[PDB]
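What follows is one chain in structure tokens, specifically the form deposited in one PDB entry.
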């Protein structure tokens, strides 16, 4: 359905970022029916193709519009998210209010659970990989790998190479929450090794300015044992979505992007 596609059909505007899997540019399609439309083009020097799902249809996951392999490298044409990533915003703001964190985390909860339903494990969860559109809603990017990074976000079972189910994502989700809420990481040492050891002990001091609801959610997510971590069934993501922390969230309208974002790009 997207095969007369060609790299000549897109003019290069600039470079959005340097990925580990490849470079990503801002491009403008030059051919109908979407001439003039802006997209993000990810170039991969490796190769595949197949009809590691990169084509996910969900309001909070970056959409793939085109995919063509021309001259060895593979070109992926994705949504262009105007707002940039959450890491940049966090760096400037130094920390978000619980209101802002609740919104971002609620939308992410849906995005994550969806990927999980497709059997995908979002291994690289962190603010750098969460983009904002022009309205302020979020979109998860740089995902896919099922059969399989930033140490500070690694779950204990991943550090100890004991396993890596979707449960590890919920731990990372907890690290994201803590970092957005405090401006700092829960577990961090002077080097990679010490950080891993700190993660394994999982000893965490709760900053006193966090709401009791925020605190209990974090405690429920930071369970060293994947089996007892929030999100590990039986009701899956629902047990996290039904947590008192998100009591004021209408997941139906959220899915429909009816809830207005706190920050407007």
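The term rigid core refers to the maximal set of C-alpha atoms that superpose within 1.5 Å between the two forms. Numbering follows the first chain given and starts at 1.
Heads up, the form deposited in another entry isn't pictured, but that's what we're talking about next.
Large C-alpha shift between this form and the one not shown, rigid core held fixed: of 122, 80, 173, 104, this applies to 122 alone, with a displacement of 2 Å or more.
The Cα position of residue 236 differs by 2 Å or more between this form and the one not shown after fitting on the rigid core.
Distance between the C-alpha atoms of residue 234 and residue 61: shorter in that other deposited form than here (change of 3 Å or more). The pair residue 143 and residue 235 is at least 3 angstroms closer at the CA level in that other deposited form than in the present model.
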